[PDB]
């Protein structure tokens, strides 16, 4: 009977962060029900329904001119915005009759290793609340921050390496910096890399896998240059 709107909040993370997983303490600022009210608006069993407005501070007047119009009239006698309550001092003080107040709570969202971009982590019922509404959810969406060396593809890592024509034709070492602080030396044999479209594939060197474990591959691409 009236669901409250969700609060969507995306959380960025570097590829290296989604590599080892991360935990973030988040501060949630939201509208909550009056504590010294319990949402009532007044003292237990005090507030009284608006007789002049069987619900909200709303009344309908029908004036004429050319045609007849139904002009919605607000302030219902002893109400409006609050079609009820009344009684000078049976009302909060901590909510002055507005039935709601601010609350700052902390949530710890755990970004598990291998979490894909756009991934959702749902916090049931933590959204804003108002008297009558079923509070919605606080939805975090993992956003993959841009990277200066890798591109992600599912559970792999794509890396464009710039190699010399000489290395490519004679073969030799070659190294890159994995999302995990570890440095990685790669060896290639003569000619292996020069073909158009060539891709080198290195076993479990590319990102943690959500359901299960292990890792995807590290797919390498080559850009070959030769001076002068």
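Numbering follows the first chain given and starts at 1.
Visitor: Mean C-alpha B-factor higher for 64-72, or for 193-201?
Guide: Looking at the recorded C-alpha B-factors, 64-72 comes out higher on average.
Visitor: Look over 85-93 and 126-134 in the entry and identify the one with the greater average Cα temperature factor.
Guide: The deposited B-factors put 85-93 ahead on the C-alpha mean.
Visitor: Considering only 147, 80, 116, 110, which residue's Cα atom bears the greatest B-factor as recorded?
Guide: Checking the PDB record, the top C-alpha B-factor among 147, 80, 116, 110 is at 80.
Visitor: Can you tell me which of 180, 52, 29, 167 has the maximum CA B-factor listed in the PDB entry?
Guide: Of the options given, 52 has the highest CA B-factor in the PDB entry.
Visitor: In terms of the chain's CA B-factor thirds, is residue 225 lowest, middle or highest?
Guide: Its C-alpha B-factor, which the entry lists for residue 225, ranks in the middle third among residues of this chain.
Visitor: By the recorded C-alpha temperature factor, relative to the other modelled residues in its chain, which third is residue 187 in?
Guide: For residue 187, the deposited C-alpha B-factor lands in the middle third.
Visitor: Going by the CA temperature factor in the PDB record, which third of the chain does residue 20 belong to: lowest, middle or highest?
Guide: Residue 20: CA B-factor falls in the middle third of its chain.
Visitor: Could you say whether, by C-alpha temperature factor, residue 58 belongs to the lowest, middle or highest third of its chain?
Guide: CA B-factor rank for residue 58: highest third.
Visitor: Lowest, middle or highest third: which one holds residue 161 when the chain's residues are ordered by CA B-factor from the entry?
Guide: For residue 161, whose C-alpha B-factor we compare with every modelled residue in the chain, the answer is the lowest third.
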